[PDB]
Structures are given as C-alpha cells and as structure tokens.
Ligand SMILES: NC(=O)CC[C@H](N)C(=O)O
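Just the one chain here, the form solved without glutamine, laid out as structure tokens.
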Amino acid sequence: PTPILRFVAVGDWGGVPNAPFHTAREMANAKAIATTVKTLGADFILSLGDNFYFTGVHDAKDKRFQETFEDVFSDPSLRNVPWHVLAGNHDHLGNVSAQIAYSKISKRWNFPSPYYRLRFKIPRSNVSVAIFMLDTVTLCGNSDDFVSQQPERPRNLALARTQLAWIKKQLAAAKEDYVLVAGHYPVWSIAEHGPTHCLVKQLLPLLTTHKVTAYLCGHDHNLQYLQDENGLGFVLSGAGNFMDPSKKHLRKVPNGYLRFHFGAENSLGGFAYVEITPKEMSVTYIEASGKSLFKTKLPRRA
C-alpha cells in the first residue's frame, strides 16, 4: 500500500454565540467531515481560524467549547481524531490564551501556543511533513480592530517581529519532504477580504525563497485554490460556517493565479481533504453535501 498521511482542513466553523450555538452550515460540515473520515480516513484535523463566533471565548471554561465545538463534531467517526488549532480575528476579540489552555481539558484539542511547528512521519515511509501553524492576527493585527476590517498593523510590535523571525529561521532550517504553512488570513484571495497586504509583503517572500509546498488559510468564507508561477499552492478553506460568493478582489490577485473557486450562496459550505504520499500531495475540495468539487496535487520538495 502506498504510504499516506491524511487530514481535513476546515476554517471559520465557529458557529454562533446565540442558541443553538451552531449553524445549519456548521452542522452540515460536521456531518460531511464525519463521513469523509469514516470512509477515507484522517490522521488529524486542522482548524484554520475563527473557532468561536463572534468574539471567541471568555476563558478555558467557556460553555462555547462544548456547544460550538465538542457537541457539534460529535459523530462517532470523529471521536478520537486530533485537532490542531490556530486562531482567527474573532478568536482574538476574545481570550485566545483560553483556547490554548483548553488543550489540557479536551484530549483532541491541540493548541500549544499562538504559533508552533508540527512534524509528521508518513507511515511505513521515510518521507516527512512539517506544518507551521501561524497566528496571523498577532503578526498582522486583528481585522476586527479596524473599520476597514483589514489587519492594518499589529497590536504589539515585538510580538509580530518575534513570530516573523521564527518563521524565517524555521523555514530556512526545514528539511521535510513536504512543508506546509497555515494561517487564518489569506495571502491571495479573490473574495470579500481579498489578499492580506501584511502577508503578501512579509510572508510570501519567505514562502517562495524556502520552497514551501502550500499555504493553507481561511478568513474569506468560501473555497479557493490558487497557485503562482512558481507552483506554490494556496489552499483557502473557510466555509465551515458561512458561504459568501463575493469576488470583490478578483482583480487584486495576480492574473492566472485563481485555479478554482466555489462560494455559492445557497451552498452549506465545505472543506479541504489533504492526502500526502511519497509521490505527491493531493488536495480535494469537498462540499458539505459530500461531493468533490475540485482536486489537484502538489510535488514534494527537491
């Protein structure tokens, strides 16, 4: 059997603050993800931010952890599937330290710090994968802090410079066969929010220089796949709770980069299913309805 590492990448699934604390879309995606894990399998699930709408959690004991997360992703197939989490802007309007601290309460919730590195060894093989989970809010600023709803500047300068330096160092030293970087804010996006200037300027150069396989993100509520002339992939998966068909920033993304987009208003949303083997990295976009909408693959690093 071909060695393989599999995981679900879902973003902006944070339900709602008012009863019942979830949306029809979040429930649909919970079911859809449970079906995919049940039939295709998944080693873990990656959350791309905006875990609890609209102002995160107050503390590690916030009832929202059970109402919006635990109780929602409760289907049998998801019982013991680990989640590796990072924060979004809405999470930062609340207590992120609380989401980090919740890791000690719920076994499947993994969120050791604002930004961290994940390392995986594809089973029955020597090919490795590294995933760098970033906190784009502390790095660029909280979009919610500005009327423009864009991260115009970080709240703390030392924190932002410190993370970037860490990214630079790590990406330079990374030797894995596959290197993924994940953050809430998008580098490229044709939707409502569009490209995050802070990431295009500070992160993208790094992604390129160090031949990262792909950048995974959420924030814009839809599904997109973009790839630049160097083959760098951009997996945007932020439709776990909402679906916005906005193409406002279509012209703000370099010509030809957009390879796939789905943001139908009537859709219940969707997510991305990543499969990594010694041969390649495949990314399948699946609608909450269970249907595959698009699939592509990325090569391993030299």
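When you see a residue number, it is the position in the sequence shown, counting from 1.
Another form, the form deposited with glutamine bound, is not on view; read the next lines as being about it.
- Contact between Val235 and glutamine in the entry with it bound is not found at the 4.5 Å heavy atom cutoff.
- When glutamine is considered in the entry with it bound, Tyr53 lines it closely, a heavy atom lying within 4.5 Å.
- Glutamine in the entry with it bound is not approached by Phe271, whose heavy atoms all lie more than 4.5 angstroms from it.
- When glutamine is considered in the entry with it bound, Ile276 lines it closely, a heavy atom lying within 4.5 Å.
- For the partner-free chain shown, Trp188, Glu192, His193, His197, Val200, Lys201, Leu204 of 186-206 come within 4.5 angstroms of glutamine in the entry with it bound, judged by any non-hydrogen atom.
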